[PDB]
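So the protein lines, in turn, are chains B and A. Okay, so the first sequence: first residue is 4 according to the authors' numbering, each after it adds one. Okay, so the second sequence: first residue is 4 according to the authors' numbering, each after it adds one.
2 protein chains.
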Amino acid sequence: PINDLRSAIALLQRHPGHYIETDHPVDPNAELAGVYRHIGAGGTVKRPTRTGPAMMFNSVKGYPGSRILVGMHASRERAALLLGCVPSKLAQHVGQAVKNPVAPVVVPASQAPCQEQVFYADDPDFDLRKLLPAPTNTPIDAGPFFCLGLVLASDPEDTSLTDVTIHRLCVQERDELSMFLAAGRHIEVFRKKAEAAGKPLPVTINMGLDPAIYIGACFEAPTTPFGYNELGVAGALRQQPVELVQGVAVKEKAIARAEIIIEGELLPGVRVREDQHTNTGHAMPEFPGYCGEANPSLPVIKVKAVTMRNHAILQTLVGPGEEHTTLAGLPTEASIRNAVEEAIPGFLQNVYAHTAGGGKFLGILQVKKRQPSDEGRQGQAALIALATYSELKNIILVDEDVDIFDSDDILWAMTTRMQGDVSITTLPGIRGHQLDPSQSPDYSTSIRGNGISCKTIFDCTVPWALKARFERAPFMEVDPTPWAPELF
Amino acid sequence: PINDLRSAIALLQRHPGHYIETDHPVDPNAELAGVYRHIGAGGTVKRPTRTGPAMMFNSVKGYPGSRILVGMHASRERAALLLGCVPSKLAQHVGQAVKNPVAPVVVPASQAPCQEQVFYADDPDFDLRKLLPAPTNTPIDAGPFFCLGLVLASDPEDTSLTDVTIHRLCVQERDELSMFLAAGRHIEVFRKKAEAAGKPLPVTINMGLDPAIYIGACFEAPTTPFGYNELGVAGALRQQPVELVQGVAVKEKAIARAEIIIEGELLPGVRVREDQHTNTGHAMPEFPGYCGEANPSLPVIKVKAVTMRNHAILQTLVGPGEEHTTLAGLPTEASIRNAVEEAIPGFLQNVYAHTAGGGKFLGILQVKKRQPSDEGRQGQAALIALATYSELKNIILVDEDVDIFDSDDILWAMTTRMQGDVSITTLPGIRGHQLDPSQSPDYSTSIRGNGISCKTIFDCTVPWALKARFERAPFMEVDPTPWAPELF
Ligand SMILES: Cc1cc2c3c(c1C)C(C)(C)CC=[N+]3c1c([nH]c(=O)[nH]c1=O)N2C[C@H](O)[C@H](O)[C@H](O)COP(=O)(O)O
Ligand SMILES: Cc1cc2c3c(c1C)C(C)(C)CC=[N+]3c1c([nH]c(=O)[nH]c1=O)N2C[C@H](O)[C@H](O)[C@H](O)COP(=O)(O)O
Ligand SMILES: [Mn+2]
Ligand SMILES: [Mn+2]
Ligand code: NA
Ligand code: NA
């Protein structure tokens, strides 16, 4: 029974290979990320890299008694273990979750392990920078970062509407963090209403959570539109309302079973340059694998209190690599699968928000042509995917005999089941995503501005009429165990 | 020092994970290939499959005392070990060997372990089908097959011109094998000449060899033109001439340290249907991953003698999967690397004949743009690759910060470093390869006949002017070993 991060870790230890610890000292500045890069960062991280175990650094240089956990979500198999299904059915398992959310439930403070220790910021010696080791990913980061900070805010005019979102948080002062919100972010709608009335917006930052909470929170419109508490997707994954606690210093709720809580308020009118103390010009690595630039004008969170468990674990990520692939990719897959299943029932077999696209840019669709009229529906599925998730860039379509989670098998379909002048459709001038550096007028004359792209559909499905000629060579079905028992 | 198969096996046993044995009885008909499909076939083989150890089946049902080895070359890492270099530098290492061949030498029978046993076919009790297990790959194969039969033959007008090639051989009678020779093959030139004179062509079939010999043999023109004895490549790989021996019954040389040798003659005028005894309509699986159709008219080899070591190993393959990727792909890489380095010195960093194309259809070229004039040379390198290896189909160009052996990283370059209406060039109507089933007029109206293709170049290199914007997020250089010694 997984209710929080420690129970999640306990399960990983019953599956050797998914969790390791180290007592060898590590510097949270750059060096920690440098080590996990080789061990389990994965995703779009510059090679050498791999997926591996979730990793707990127990001796943090300069922070005795702290312990930093990274890579908890940095594997599709591990995410499947933590959620209780097989990795090939996460798209369907998460898909059914978002469409049957279970609302969270408030709990008294005596049942909130997060509040076992309280450090009020009005203490003269309080210093967030000495209190928690916020690691940096690269030596050219804007500063120390919290990268798995699940921020919880609400509409200041309608308390009933609450939104939770992961945002990168840069420690800027002893009691201040900057926070980046992209255009049209759902919490930004709350802050702008607060700022326009000259009022601060109370928020809580919740770190070190049940993996179910982080994963369920990363949906986007139109799948989870404005007004959809993303809490409850977690409630559907656990068949259990996540538990909330009333904040010890702000008029806002915090997740009771979290490891560390930061209570604060978004301040009206205030803006800071994200790299003001570093002047590196960069924020931190983005999910496509490149360095994001330092945001010149960010809102500020004024910390009112920090609240944490005894021997609190600081959970964050590195890369963001495969951890981002899982958090962003499984909502992506669930959204596409739900949409195609509504429009063409029974046709789509599976979908993979490929890690090469960070879980957002590259969609692999596995279809099954069952009848002559299914020819021509593979392109329709690609259109539905592009319509459902506008930040997609490319679609690869394959049949049910291609393993869409094996990139060699994907390239195989692109080699023997495609003709370049037949199977490739380009859609110029469609808005995509700012963080793809090839989406620039400097890359293509058909691109009118940053974050606009040509989008490409690679149809690697066998034409219906030719399917009898493209059967993969069949081998006798045997049980190989007796000839190699140790290999299982 | 490796000079035959068993010295190669001895090396693999010093690197655990690369060689296993089993004494559990196995049926060479279909069952053996079915087991190794799950264990080490890899490549384009129908999932589930993987690369693993080379595997020796010590108990062969119906052939007591026989033992069959498969998968010797079914791993790029295994191949680099057997050749004595790092897998990333195989293209350079094999490339230099083909440019500096070492000619084979003749030795007396006393130094030819292949001739420890001699079985003459004119014995009334001789039966090729009882003497050696010839495993099949699928239940629908044309018949028993030898899939690592390195055929050695010479020109009937000039016996100094020797060629050596792997051809698939189906056991048809107690003393006959059918042999498929594609059009334009070098040994086929010798065969057509002998048949035009109404005379047989003496051949030796050499099975169970130094991996350097099998790999070195799989070159094609123009890299190894007609007249180039490919045994010189193996000689350069070992810095030791391959040793030849006079056959016992045919006027042709045999590989002295081979495990099994079939001496025979290609009969003039005789033709046979490959599946005459099974009528399956199929031959065996082909490297693109589909089942080939039976050939209705093949020349036959009249077996004159079989010649073996004591406790001889019969070496063959399954899939052909990753074993074919290694055997065809390493010369493909070497051929391309030599051509590009001659034309554009210093530009090409590496090349991968991707396993998704069986080592023939898909070429990944890794280039490094060093100066503004290198812009536009990435497409030139693709043209050189296409001109050097006409059976290539598609080329993917990437920069030196992309791991060309990581298919995830390849798809990443295809996602963030590619614009569909900019980076994709199609070349319709270029002769490709018959065994790509999409190279058919039924797949594309620009294809005039079977084995003609559209060939496509995916330029996923960063445009020179934009290189400062496409730097991958830099993580601090650390030695990760002290934080997880067990995983290094
Ligand atoms: C998973 C994930 C999502 C990040 C993200 C990160 C991760 C790991 C970081 C921490 C590594 C770096 C940047 N993050 C930001 C981000 N969106 C944003 O506006 N600012 C961000 O700083 N996102 C994307 C955002 O969280 C998702 O798109 C949500 O679905 C948006 O939810 P919403 O529609 O309710 O606003
Ligand atoms: C590695 C390999 C190459 C095969 C091959 C196989 C393998 C494993 C088999 C055993 C799995 C089944 C088919 N094979 C044949 C073949 N060429 C051919 O003409 N007939 C064949 O049957 N080839 C290709 C041939 O070996 C290469 O193209 C040589 O480079 C041709 O050399 P050449 O120019 O000297 O004739
Ligand atoms: Mn939302
Ligand atoms: Mn030749
Ligand atoms: Na949200
Ligand atoms: Na040859």
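Here a beta-carbon is modelled for each residue, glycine too, at the ideal position from N, C-alpha and C.
| Counting only runs that start and end within the stretch 227 to 309 of chain A, where is the beta strand (DSSP E) found for 3 or more residues in a row? | With a minimum length of 3 residues, the continuous beta strand (DSSP E) runs that stay inside the stretch 227 to 309 of chain A are 246 to 249, 256 to 258, 263 to 269, 285 to 288, 294 to 296.
| field | Three-state class that DSSP yields for B:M417 in the structure shown | value | In this structure, B:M417 counts as helix in the three-state DSSP scheme.
| task | Tell me B:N209's beta-bridge partners as DSSP assigns them. | result | Beta-bridge annotation (DSSP): B:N209 is paired with B:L153, B:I264.
| request: Could you spell out the range, first to last residue, of the beta strand (DSSP E) harbouring B:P127? | output: Here B:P127 belongs to no beta strand (DSSP E), and DSSP marks it neither H nor E.
| said: Could you give the first and the last residue of the continuous beta strand (DSSP E) run that contains A:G366? | reply: 365 to 370 is the extent of the beta strand (DSSP E) around A:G366.
| request: Confirm the yes/no value for this check: CB of A:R171, any heavy atom of ligand 2, distance under 8 angstroms. | output: Yes, the beta carbon of A:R171 sits closer than 8 angstroms to at least one heavy atom of ligand 2.
| field | Rounded straight-line distance, which links the Cα of B:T335 to that of A:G382 | value | About 35 angstroms.
| field | Within chain A, the residues that B:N397 reaches when beta carbons sit closer than 8 angstroms | value | What B:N397 touches in chain A: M417, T418, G423.
| request: Round the Cβ separation of B:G201 and A:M479 to the nearest angstrom and send it over; I've been treating them as touching at under 8 angstroms. | output: Not really, about 43 angstroms apart at Cβ, beyond 8 angstroms.
| Between A:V121 and A:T310, which are expected to be in contact by the criterion C-beta below 8 angstroms, what is the C-beta distance as a whole number of angstroms? | Cβ atoms of A:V121 and A:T310 come within 8 angstroms of each other, at about 5 angstroms.
| request: May I ask you to list, following chain order, the residues of the stretch 16 to 49 of chain A that have a beta carbon less than 7 angstroms from some beta carbon of chain B? | output: Near chain B, meaning a CB-to-CB distance below 7 angstroms, the residues of the stretch 16 to 49 of chain A are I23, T25, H27, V29, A33, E34, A36, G37, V38, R40, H41, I42, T47, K49.
| message | If contact is defined by three or more beta carbon pairs under 8 angstroms, each pair taking one atom from either stretch, is the stretch 24 to 40 of chain A in contact with the stretch 262 to 282 of chain A? | response | No, the stretch 262 to 282 of chain A does not touch the stretch 24 to 40 of chain A.
| query | Any Cβ of chain A within less than 9 angstroms of the Cβ of B:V174? | reply | No, because no Cβ of chain A sits closer than 9 angstroms to the Cβ of B:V174.
| query | Relative to chain B, which residues along the stretch 283 to 301 of chain A have a C-beta separation below 7 angstroms, given in chain order? | reply | Considering only beta carbons, the part of the stretch 283 to 301 of chain A lying closer than 7 angstroms to chain B consists of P288, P291, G292, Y293, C294, in chain order.
| query | What three-state label does DSSP hand A:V192 in the structure shown? | reply | Of the three classes helix, strand and coil, the one that applies to A:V192 here is helix, per DSSP.
| query | What residues of chain A sit near B:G360, judged by a beta carbon separation below 9 angstroms? | reply | Near B:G360 (Cβ distances below 9 angstroms), the residues of chain A are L414, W415, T418, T419.
| message | Please list, in chain order, the chain B residues whose beta carbon lies closer than 9 angstroms to that of A:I427. | response | Against chain B, the beta carbon of A:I427 has neighbours under 9 angstroms at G423, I427, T429, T459, listed in chain order.
| field | Opening and closing residue of the alpha helix (DSSP H) in which B:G37 lies | value | For B:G37, the enclosing alpha helix (DSSP H) stretches over residues 34 to 42.
| CB contact check: A:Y66 to chain B, cutoff 9 angstroms | It does not; no Cβ of chain B falls within 9 angstroms.
| query | Mind checking whether A:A13 and A:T329 have CB atoms under 9 angstroms apart? | reply | No. Outside cutoff.
| task | For A:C463, name the three-state secondary structure that DSSP assigns. | result | A:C463 falls in the coil class under three-state DSSP.
| task | Quick one: grab the DSSP three-state call for A:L72. | result | Assignment of A:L72 by DSSP, reduced to helix, strand and coil, places it in the strand class.
| query | Terminal residues of the continuous beta strand (DSSP E) containing A:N341? | reply | Segment 324 to 346 is the alpha helix (DSSP H) holding A:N341; no beta strand (DSSP E) there.
| Residues with a Cβ closer than 5 angstroms to any heavy atom of ligand 4, in chain order? | Any heavy atom of ligand 4 counts here; residues with a Cβ closer than 5 angstroms to one of them, in chain order, are A:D166, A:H189.
| Using a Cβ cut-off of 9 angstroms, which residues of the stretch 217 to 244 of chain B contact any Cβ in chain A, in chain order? | Taking 9 angstroms as the Cβ-Cβ cut-off, the stretch 217 to 244 of chain B has no residue approaching chain A.
| task | Just the C-alpha distance for residue 3 of chain A and A:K307, rounded to the nearest angstrom, thanks. | result | Residue 3 of chain A lies beyond the stretch modelled for chain A, which goes from 4 to 491, so this question has no answer here.
| message | Give me the chain B residues within the contact set of residue 497 of chain A, using Cβ-Cβ distance strictly less than 8 angstroms, ordered along the chain. | response | Here chain A has residues from 4 to 491 only, and residue 497 of chain A is not among them.
| field | Interface positions of the stretch 165 to 198 of chain A facing chain B (Cβ-Cβ less than 9 angstroms), listed along the chain | value | For chain B, none of the residues of the stretch 165 to 198 of chain A brings a beta carbon within less than 9 angstroms of one of its beta carbons.
| request: Consider the C-beta atom of A:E255 and the heavy atoms of ligand 6; say whether any pair is separated by less than 8 angstroms. | output: No; taking the cut-off as 8 angstroms, the Cβ of A:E255 has no heavy atom of ligand 6 nearer than that.
| Chain-ordered neighbours of A:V481 on chain B, where CB pairs are closer than 7 angstroms | Listed along the chain, the chain B residues whose CB falls inside 7 angstroms of the CB of A:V481 are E34, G37, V38.
| query | By how many angstroms is the C-alpha of B:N341 removed from the C-alpha of B:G98? | reply | B:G98 and B:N341: Cα-Cα distance of roughly 6 angstroms.
| message | Below 8 angstroms, is the gap between the Cβ of B:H21 and the nearest heavy atom of ligand 2? | response | It does not: the Cβ of B:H21 is nowhere closer than 8 angstroms to a heavy atom of ligand 2.
| task | Kindly list, in the order they appear in chain B, the residues whose Cβ is closer than 7 angstroms to that of A:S410. | result | Per Cβ cutoff of 7 angstroms: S410, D411, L414.
| Check whether residue 493 of chain A and A:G267 have beta carbons under 9 angstroms apart | Any answer about residue 493 of chain A is impossible in this case: the structure gives chain A only from 4 up to 491.
| said: Shorter than 8 angstroms, the distance from the beta carbon of B:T227 to the closest heavy atom of ligand 5, or not? | reply: In this structure, the C-beta of B:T227 approaches ligand 5 to less than 8 angstroms from one of its heavy atoms.
| request: Just confirm the distance between the C-beta atoms of B:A297 and B:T319, as a whole number of angstroms; I'd bet it's less than 8 angstroms. | output: Their Cβ separation, rounded to whole angstroms, is 19 angstroms, which puts B:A297 and B:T319 out of contact at 8 angstroms.
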